[PDB]
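As a starting point, one isolated chain is supplied in structure tokens, in the form deposited in one PDB entry.
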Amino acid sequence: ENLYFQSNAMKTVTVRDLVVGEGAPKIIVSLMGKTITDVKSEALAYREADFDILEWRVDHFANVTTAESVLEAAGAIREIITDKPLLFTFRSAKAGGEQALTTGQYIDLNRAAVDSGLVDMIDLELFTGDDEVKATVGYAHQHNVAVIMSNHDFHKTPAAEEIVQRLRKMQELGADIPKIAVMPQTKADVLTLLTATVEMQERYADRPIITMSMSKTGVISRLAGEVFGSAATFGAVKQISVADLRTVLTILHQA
């Protein structure tokens, strides 16, 4: 049964025994399956991999508008991955997601995920609609479901202070874990993302944050979270591989 804890002083969130914000960064893998058959096979393949959090990319699921189908898929994943936190993420079309839902539908989808008791966390996008996000965060918390809030820029890297402000806004909206991913156009852009990470974590955060500079040029941002302050990083099962990611994180954690 879902249960999470969080410490503002330690800047941690504990979900299904995993302490996000302590020790080495956590590895998140994303499950993408079009049908229930695909979701089940992918979860089995993922069971063989060394990761910490399973993200289900619901926007890749064809039957997302059928509540019963979404519940069936979530249950199938939970049966295979019984001891790792499950993050429910519908990436909206606006945010690069594979299909479109209206705001109301997206909110209802996330509320249904909270109600199911099958997921430990939900992802809500920063620019969804502040009033609905606040209401949904409250609903999630009332049911012991934690909230990751996300923002993506697939084309550029905003100024450091703008990245910081977005992470602060996510905190303000009640996110348990603010998350941002930006695309570098130059090497300096990767450093901008790391600078924002350090400034946020040292000055404003009272919880864990997740940050990433995308593309091969920004890979170092997926590896250096322990020193700069990103609490988790994404790896690929089938990007940097989960095995290589753990190898490097382990090296950097050694005292």
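Heads up: residue numbers just count along the shown sequence, starting at 1.
Keep in mind that the form solved in complex with a small molecule is not shown, yet the notes after this line are about it.
The closest heavy atom approach of residue 52 to the small molecule in the entry with it bound falls outside 4.5 Å. The small molecule in the entry with it bound is not approached by residue 166, whose heavy atoms all lie more than 4.5 angstroms from it.
Taking the partner from elsewhere, residue 30 is found to have a heavy atom lying within 4.5 Å of the small molecule in the entry with it bound. Interface residue remark: residue 212 is counted as part of the site for the small molecule in the entry with it bound, having a heavy atom within 4.5 Å. With the small molecule omitted here, the record of contacts in the entry with it bound names 55-63 of 191-199, 223-231, 55-63, 38-46, defined by a heavy atom within 4.5 Å. Site residues 152, 179 and 239 are all in contact with the small molecule in the entry with it bound, judged by any heavy atom within 4.5 Å.
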